[PDB]
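To begin, one chain is listed below as structure tokens, in the form deposited in one PDB entry.
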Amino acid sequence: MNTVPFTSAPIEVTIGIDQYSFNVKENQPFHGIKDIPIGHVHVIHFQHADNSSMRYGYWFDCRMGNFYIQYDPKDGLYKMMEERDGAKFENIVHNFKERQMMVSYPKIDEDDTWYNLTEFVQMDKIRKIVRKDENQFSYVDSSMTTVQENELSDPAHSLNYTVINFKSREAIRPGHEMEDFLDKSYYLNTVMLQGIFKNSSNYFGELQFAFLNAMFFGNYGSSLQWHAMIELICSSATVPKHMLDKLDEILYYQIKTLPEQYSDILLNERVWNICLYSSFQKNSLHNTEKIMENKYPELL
């Protein structure tokens, strides 16, 4: 079990760790989060009490280094940093543990929620969507725009998700216009799965990362990406059976985890009604359709 320590907490802030969150008061005796499960990516995120504008945070994997948080009073935010001196880091964290100044990652043992939300998410893929190669961790916030959004403005701060556009030459084979527009299997299976992603695991990983950025930061371009990747599968008549079964599990846990009060802004009525009731895969998402109908029957 790993630890992301904090040098201090000088400003009042709500801190998230994965699906958990807690309030820290201004200058409260706070030194961090311990007992973080090894084996998964994680996200530590922030919303300042004085400006709820800009949720921001950091994707990381404690297997890749020793990371800590330190507030920067010039840039006005909590920054993740790597400590390269392993002995120094271990000794400081051990003292914090002895003085019980760290919250414990509060994982219930029955609970597989975070595994289920991050099953295909890899740090190495995160770091190619979020380009900042001098760090091992990745910063995301509410305002960052996607490559696709920019095309329709600072490229160093973009989310480089894979561009999906159903009315593009990439999506539509010359001479197969009607076929390819009404059945997107060639775009899904040849262009995207064989061509760009290489396998369904990397496709699902980007889908899961897009949802999580939409949920945790309200990142609108991420929400657009998540829905596009769902729609591309559901609008394909020919999908490997193992992908459909896994998609149903992925979406089920995403819908389960969404705050009930954010459903109005994070769920696209058109996409979901099309996917569950009109698409080729209308009958292939039984768990997702059941949880959507019991939890958000209004949207449908």
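Heads up: residue numbers just count along the shown sequence, starting at 1.
The following text describes the form deposited with a small molecule bound, which does not appear among the structures shown.
Heavy atoms of no residue among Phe181, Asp183 and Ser185 are located within 4.5 Å of the small molecule in the deposited complex. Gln136 falls outside the set of residues with a heavy atom inside 4.5 Å of the small molecule in the deposited complex. When contacts are judged by a 4.5 Å heavy atom cut-off, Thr162 counts as touching the small molecule in the deposited complex.
Contact annotation: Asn202 falls within 4.5 Å of the small molecule in the deposited complex, judged by heavy atom distances. The closest heavy atom approach of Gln122 to the small molecule in the deposited complex falls within 4.5 Å.
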